[PDB]
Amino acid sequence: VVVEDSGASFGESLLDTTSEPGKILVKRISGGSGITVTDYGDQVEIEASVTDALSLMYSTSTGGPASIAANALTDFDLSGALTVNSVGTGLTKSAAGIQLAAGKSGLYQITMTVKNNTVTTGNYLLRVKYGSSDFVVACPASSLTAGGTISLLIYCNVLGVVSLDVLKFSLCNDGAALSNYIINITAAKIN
């Protein structure tokens, strides 16, 4: 004979001894959001990972403006950036930033960095936006810190309206133009 009860746990696994009497069915195992069940003949492997993630390198040779105009923030067009790494189809680069797909509402860990050695004065202004809410931070320059960083953990509500479900990005120096810059933008959905 077969089957056992436990208390905690679920699906019995081989439940469904009922719906086709005389027949013990034994349910299969699927991996939902953030999981992978790989079928190695010997046993099924439950592996975890994030649903979506996109990491871009943005320079004047990977979709960037020849010169980031001094003291001013114009949202970046990242349709041409360079995809260093990505996971899933939830996060995609577009001309307005990184677009989030339908049903992708959740928490996102975002980081945008910059490095433009030739400009070590003034402050580096950074800005990530999403919907009505926009996040900022100014980073004082110097030859030792000729750049800036803005990391964020935010909740993104995805309406399902393609042009509002987008993370827009932007940065610059308040007293000089950037045309020798290396930018990095990484977005990851953790839940």
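So that there is no doubt, residue numbering starts at 1 and follows the sequence shown.
Report task. Identify the stretch, either 25-33 or 124-132, whose C-alpha atoms have the larger mean B-factor according to the entry. Result -> Between 124-132 and 25-33, it is 25-33 that shows the higher mean C-alpha B-factor.
Query raised in the report: Which of the two stretches, 6-14 or 174-182, shows the higher mean Cα temperature factor in the record?
Result: Higher mean C-alpha B-factor in the PDB entry: 6-14.
**Report entry** Residue of maximum C-alpha B factor among 55, 163, 149, 38, per deposited coordinates
**Finding:** That would be 38, according to the entry.
Query raised in the report: Quick one: which of 44, 69, 158, 138 has the biggest Cα B-factor according to the entry?
Result: Most elevated C-alpha B-factor of the set, per the entry: 44.
Requested in this report: Would you please rank residue 89 by its C-alpha temperature factor against the other modelled residues of its chain and give the third it falls in: lowest, middle or highest?
Outcome: Ranked within chain, residue 89 CA B lands in the highest tercile.
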